[PDB]
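Those protein sequence lines, which keep their order, are chains A and B. Reading the first sequence from the start, the letters are residues 81 to 464, 517 to 609 in the UniProt record's numbering. Reading the second sequence from the start, the letters are residues 81 to 465, 517 to 609 in the UniProt record's numbering. No residue lacks a Cβ here, since even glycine has one placed at the ideal position from N, Cα and C.
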Amino acid sequence: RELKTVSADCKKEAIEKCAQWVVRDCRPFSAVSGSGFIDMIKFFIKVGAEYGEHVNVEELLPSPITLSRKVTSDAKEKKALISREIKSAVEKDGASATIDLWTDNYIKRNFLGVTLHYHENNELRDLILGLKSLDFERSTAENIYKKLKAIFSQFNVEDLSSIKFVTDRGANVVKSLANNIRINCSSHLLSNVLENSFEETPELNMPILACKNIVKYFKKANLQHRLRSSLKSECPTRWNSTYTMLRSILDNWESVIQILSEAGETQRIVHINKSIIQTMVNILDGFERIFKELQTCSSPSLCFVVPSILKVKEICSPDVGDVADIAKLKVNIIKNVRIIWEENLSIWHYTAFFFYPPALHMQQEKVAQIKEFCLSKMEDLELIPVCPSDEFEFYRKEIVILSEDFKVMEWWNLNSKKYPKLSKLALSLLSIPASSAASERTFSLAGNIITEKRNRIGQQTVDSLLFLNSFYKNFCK
Amino acid sequence: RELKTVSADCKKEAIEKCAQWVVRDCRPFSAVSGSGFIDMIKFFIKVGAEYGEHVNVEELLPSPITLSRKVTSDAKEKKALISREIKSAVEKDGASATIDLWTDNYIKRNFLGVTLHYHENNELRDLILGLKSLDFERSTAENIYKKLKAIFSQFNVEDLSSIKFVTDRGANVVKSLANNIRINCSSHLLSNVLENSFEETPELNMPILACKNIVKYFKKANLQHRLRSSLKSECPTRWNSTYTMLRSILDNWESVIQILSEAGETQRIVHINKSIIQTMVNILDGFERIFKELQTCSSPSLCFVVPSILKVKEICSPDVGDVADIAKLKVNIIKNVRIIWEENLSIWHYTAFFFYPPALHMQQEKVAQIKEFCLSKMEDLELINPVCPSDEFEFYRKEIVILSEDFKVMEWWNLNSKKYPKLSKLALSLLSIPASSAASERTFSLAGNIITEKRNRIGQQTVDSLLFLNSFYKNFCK
DNA sequence: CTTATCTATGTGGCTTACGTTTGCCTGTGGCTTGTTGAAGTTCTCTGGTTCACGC
DNA sequence: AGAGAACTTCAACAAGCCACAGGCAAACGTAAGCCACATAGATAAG
DNA sequence: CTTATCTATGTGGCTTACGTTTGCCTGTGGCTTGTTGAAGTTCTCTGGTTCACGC
DNA sequence: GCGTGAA
DNA sequence: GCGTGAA
DNA sequence: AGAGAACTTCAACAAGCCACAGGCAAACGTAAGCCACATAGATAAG
């Protein structure tokens, strides 16, 4: 507890040793602040105090290959230990995950991501199961099924017949998971809505093309030296990158116009209207709020499904203060909103919104369908006073205040006492996100791991590293 | 001095914890064998055993920004410390410096790597001087000149008159260097000779084109996956990638034809001629021998180019076995060598190869000019700082030394200071000059590994600091 | 070649009783670099790569 | 929504040097009168 | 009531010498085992690119 | 067979 | 001017 | 030329298990004086 106050010159010698290390081994400066590195040096100063200053350091330091094999063996031991907990959790139906293919931009080997997302007391749990390849075989949906079955067999998972997943609209994904709960990634759907709505309004692509050409000129001509803000990727099939593109354009219009006048290429920008730009900034910022709200995975976000649709309707509500292109765009967007949402929504979505504590909005005829579905959804938890009919009207009667920082975590966790059995229904309902951000963040972790520097890695070791990092992020204080 | 050892179980928890550390922060496995890593371990165990095992790490460990600040300070500190050593080294002319531009992969900044190769006592030191980005300046000869003047100013060098330079034939590079020594990088000259000979022989395009398309479609369908050994780069301006890919195709030919027949792509391979491929393999690997000899810069090589000239002109010796393709290629090679590369040779090189202990090589009129060159040149070194140079010339030319391939002529000059001290000083001035500028390429390799995707927001000053300090540690620390 | 008891002398000695002698450590001041600690900013990117799908 | 990683920007503390004078605090000088045990001589039996 | 000394006794610690029995102490010289570890192969790369340059 | 778009 | 052309 | 980084192979070799021979100080029963204390008892006087 009471730690030592160092003599200052000792601290200078320490920093000199560390600095000569990092300079002579090209290491990043953040390695000095590693979570485990303070621990490891603690262990080494401990053993040095035990033994002194004249040990056989270079001999007693293990060889890297030994580290690899030890990591593999520890992976086996830890997965064996946690298989029991996995089975115990999965038996009670409270599970979720995301499944997605991955590919490396170095060796071009395709993979399949297997993970887990479930609920623990007053917290969300995400365990990365495993990431595996399919050799160069035709990555058909049955191959995906075989691989997932193998991975679940690795952790003694065999039933997997009542697990809930939020996925994309991939045809092989749809067919493979058609055997069980398949739910669409809402952010994917809303994005596709946005691009389809912009593609049915051609009067916007011309300003879009002009802005893209300006950004291309900015990038290739190597003149961002004056530019205070660097521009973004044009269109790498990325989410909302267009919004940031146009936002940076609205921010840097000044510098853009003076530098174009100085370069003699202002002729490619006179044909864009700035008021349209700012109005789209407001509207697309509203949907940016909607995406960021829906994209919450460290916290459930499925309770705001229909009211998000109402938000979209209000922000895109018809108005007369719009020029012909703006009004036509609003009509096209609301059309796409219709054609997508009342068709790819589910009664699961309605029940998820039904738990929303302001129960005055889902008062329509859908009460029949949610009560119809929940009745069949009420028996299974028991198969897996305070009568269901009375509890239904009691939970729909409650009036709950919306503080501006009100959250999905704690309200129901504290409301669990009045609700004895539907509470676990909610908890399973809360472990499922509104989108598939687990896959993308795991692929971020993978891409950080696998680099050009490490092309000769063994995929099994990659699985070990990924799962053990997940475990450490999960089961450490 | 006798190092105590711990129980095996102790090292077992040690390896367990090291595995934890590696897996937690995604660091490479090889980092555990860091040279400074062991220094860290020893220093930490010493400090722990000294002050007790209840130390306050949470401030003992400096912030990374403090690391950067300390490195930046130490860069100026150490360059200041060694500036006088630099001046002492360069004063006696026993040195050779090379520079070249560079560009990263993300921001595309201009650069100028400054490298210096000079001779120490029985070792040739290659010190990496500096690297300043050219920002967004137009790369005029004035900009290059001003940058080099500033770079030498940080070393307090403004003489920069007798020093020897090896570069390519870059037009702007030549223009900025139109006022002092310039030696053409022989590696680029040879590569250009080969490329220009091959382009002047369209009848050799069809085998090259066929192999290139084979590689491109092996990449395209990823059917290199069944191949155990892959193919090399298509055409990103790579040294002798053509050799490597064609010889790899020869080595993998059996599986290649098997897969092409299986996939129905054997209809496009019927146009290959493998005997010509084998002949090219033999001859171009012969060339790669000279390539690697030239690339060897840790050893003096300025006295091994004319014999390489003899070897190449022997390689193209006329014969009835050369097909019209081979005959045309060999004619192009000899013509290109004669009318470009033989022309672009230097009097410095002629004198440097004159020092070959079997001096029987240039018994021709090549000696007519050297006496003008040597006597005038070494009349200045005597002022820069009985065994007369005139009789010293015949002293050296009379002796003949056997060619024992196990010998090192390094020690031969390092010992010939006994009788020919001034001339051996001329040799060491000559032989501190590598024949190729690929040292700059190792520097660019180190730089490319320094700057990464995740280190974009890096200080160019800091990058120069790191490169210089690692170079100095390699040069001064074992 | 003792062996004992008295009968004057006579100086340590010592436990207080007390008065100096450093003296050290230690309270307050007053800077002086000197890190340095957030504190945002700004990018990299992860954010899609070859097939099930009805038609 | 992550995640790594480096970068200005304040601008905000803070350990680390002196200057030094004020105690209480350990230890050394006289003195000091009651002891009081140590130091020499007769003296009876012989 | 004591005070001294011889006189007739025991008589069991005791203390060395003798033999007898013992509860293990290294060493044994054969039996398993992670683990540097020396040789590899196999990379993905650097193999810098906009002013020169003049008839 | 046909996108195909959804990644 | 004009076109490689040295990497 | 050089990079920095994971695999792959025999491998042998220095840690731990094992546990029949050969060996040793420790413990016990015995026997020889033995011999130095220990006991009363008397014997004179006072």
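C-alpha gap between residue i and residue j, whole angstroms
| i | j | result |
| --- | --- | --- |
| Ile-166/A | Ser-153/A | 19 Å |
| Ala-177/A | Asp-239/A | 15 Å |
| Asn-264/B | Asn-424/B | 7 Å |
| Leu-140/A | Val-151/A | 18 Å |
| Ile-179/A | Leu-600/A | 19 Å |
| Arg-189/B | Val-135/A | 48 Å |
| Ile-464/B | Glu-171/B | 8 Å |
| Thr-376/A | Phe-384/A | 11 Å |
| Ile-95/A | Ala-570/A | 39 Å |
| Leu-382/B | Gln-234/B | 30 Å |
| residue 474/B | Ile-337/B | Residues lacking coordinates in chain B include everything strictly between 465 and 517, among them residue 474/B. |
| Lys-296/A | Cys-315/A | 11 Å |
| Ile-389/B | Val-594/A | 52 Å |
| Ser-548/B | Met-458/B | 15 Å |
| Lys-244/A | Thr-583/B | 40 Å |
| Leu-204/A | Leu-326/A | 35 Å |
| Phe-575/B | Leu-192/B | 10 Å |
| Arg-588/B | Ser-596/B | 15 Å |
| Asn-606/A | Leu-598/A | 12 Å |
| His-268/A | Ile-533/A | 31 Å |
Nearest residue (CA-CA) to residue i, options the options
| i | options | result |
| --- | --- | --- |
| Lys-529/B | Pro-437/B, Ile-564/B and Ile-329/B | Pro-437/B |
| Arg-573/A | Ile-118/A, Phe-434/A, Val-194/A and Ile-329/A | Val-194/A |
| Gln-304/B | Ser-335/B, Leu-207/B and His-351/B | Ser-335/B |
| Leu-228/A | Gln-100/A, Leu-211/A, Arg-104/A and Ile-533/A | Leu-211/A |
| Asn-252/A | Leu-181/A, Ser-266/A and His-197/A | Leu-181/A |
| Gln-592/B | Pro-387/B, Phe-298/B, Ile-349/B and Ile-231/B | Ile-231/B |
| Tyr-225/A | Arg-348/A, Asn-260/A, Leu-161/A and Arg-249/A | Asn-260/A |
| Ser-113/B | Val-102/A, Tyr-198/A and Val-112/A | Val-102/A |
| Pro-565/B | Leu-269/B, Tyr-198/B and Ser-535/B | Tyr-198/B |
| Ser-271/B | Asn-236/B, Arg-318/B, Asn-285/B and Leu-257/B | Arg-318/B |
| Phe-524/B | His-268/B, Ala-448/B and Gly-401/B | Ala-448/B |
Expected contact under 8 Å - CB spacing of residue i and residue j to nearest Å
| i | j | result |
| --- | --- | --- |
| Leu-147/A | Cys-98/B | 6 Å |
| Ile-414/B | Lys-393/B | 7 Å |
| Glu-368/A | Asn-320/A | 6 Å |
| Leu-409/A | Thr-281/A | 5 Å |
| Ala-290/A | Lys-255/A | With a Cβ gap of about 42 Å, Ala-290/A and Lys-255/A do not count as contacting. |
| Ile-420/A | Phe-453/A | That pair is no contact at about 22 Å. |
| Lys-84/A | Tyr-131/B | 6 Å |
| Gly-366/A | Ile-395/A | 4 Å |
* Where are the beta strand (DSSP E) runs, 3 residues long or more, that stay fully inside the stretch 106-186 of chain B, in chain order? -> 175-180
* Asked: What are the residues of the stretch 91-110 of chain A that lie near chain B, defined by any Cβ-Cβ distance shorter than 8 Å?
  -> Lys-91, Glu-93, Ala-94, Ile-95, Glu-96, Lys-97, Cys-98, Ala-99, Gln-100, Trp-101, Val-102, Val-103, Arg-104, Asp-105, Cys-106, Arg-107, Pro-108, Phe-109 and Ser-110
* Which residues, in chain order, does the stretch 133-151 of chain B contribute to contact with chain A at a C-beta distance below 9 Å? -> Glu-133, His-134, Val-135, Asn-136, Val-137, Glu-138, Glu-139, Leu-140, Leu-141, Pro-142, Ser-143, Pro-144, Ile-145, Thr-146, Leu-147, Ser-148, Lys-150 and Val-151
* Interface residues of the stretch 292-305 of chain A facing chain B [CB-CB below 7 Å] -> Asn-302 and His-305
* Members of the stretch 575-604 of chain B near chain A, C-beta cut-off 9 Å -> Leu-577, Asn-580, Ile-581, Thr-583, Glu-584, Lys-585, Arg-586, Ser-596, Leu-597, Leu-600, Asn-601 and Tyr-604
* **Where the stretch 201-222 of chain A meets chain B: residues whose CB sits under 7 Å from a CB there** => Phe-216
* **Interfacial residues, the stretch 319-341 of chain A to chain B, with Cβ spacing under 9 Å** => none
* Asked: Can you list the beta strand (DSSP E) stretches of 3 or more residues lying completely in the stretch 211-250 of chain A, in chain order?
  -> 244-247
* To do: Quick one: which unbroken alpha helix (DSSP H) runs of 4-plus residues sit fully inside the stretch 304-357 of chain A? Chain order, please.
  => 321-343
* Would you list, in sequence order, the uninterrupted beta strand (DSSP E) runs of no fewer than 3 residues that lie entirely inside the stretch 380-420 of chain A? => none
* Taking any Cβ of chain B, which residues in the stretch 110-127 of chain A have a Cβ under 8 Å from it, in chain order? -> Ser-110, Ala-111, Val-112, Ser-113, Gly-114, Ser-115, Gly-116, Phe-117, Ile-118, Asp-119, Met-120, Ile-121, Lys-122, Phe-123, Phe-124, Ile-125, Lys-126 and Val-127
* Any chance you could list the alpha helix (DSSP H) runs of at least 4 consecutive residues sitting entirely within the stretch 534-596 of chain A, in chain order? => 540-546, 554-562 and 569-581
* For the stretch 401-426 of chain A, which residues have a beta carbon sitting closer than 8 Å to at least one beta carbon of chain B? -> none
* Asked: What are the residues of the stretch 372-396 of chain A that lie near chain B, defined by any Cβ-Cβ distance shorter than 8 Å?
  -> none
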